[PDB]
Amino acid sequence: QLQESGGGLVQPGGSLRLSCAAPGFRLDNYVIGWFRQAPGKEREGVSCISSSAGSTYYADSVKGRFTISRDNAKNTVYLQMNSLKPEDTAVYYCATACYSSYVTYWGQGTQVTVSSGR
């Protein structure tokens, strides 16, 4: 029962900070992975961080722009998204795994929209 938050609308080239949290459930001991799913497409991996934070992984399409990090004290994993592009529009998801096939529950996700509408 992880809940994603952050995200909304941003101009192309702008930035957002997604956060992953689970009130009352200590994440210190969990791999945390970020996935995203764009319109009509299949869900794909974005980044994830090992329990100890000694290791971070990033999808190639996103290397150099995104940064994943966590704080045990705040019990949150964060994903900093810089230089956002239209192609990054998607629902972003949080899970205790880097491998989508390991995930048993998907959140509501949080919507990220990159556009020059507003």
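Numbering starts at 1 and runs along the sequence shown.
J.: Quick check on the record: does 91-99 or 104-112 carry the larger mean Cα temperature factor?
T.: It is 104-112.
J.: Using the B-factors recorded in the PDB entry, average over the C-alpha atoms of 65-73 and of 28-36, then report which stretch comes out higher.
T.: The stretch with the larger average C-alpha B-factor is 65-73.
J.: Looking at the C-alpha B-factor of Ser47, is it in the lowest, middle or highest third of its chain?
T.: Tercile = lowest for this residue's CA B-factor.
J.: Lowest, middle or highest third: where is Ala53 by Cα B-factor in its chain?
T.: It falls in the top third of the chain.
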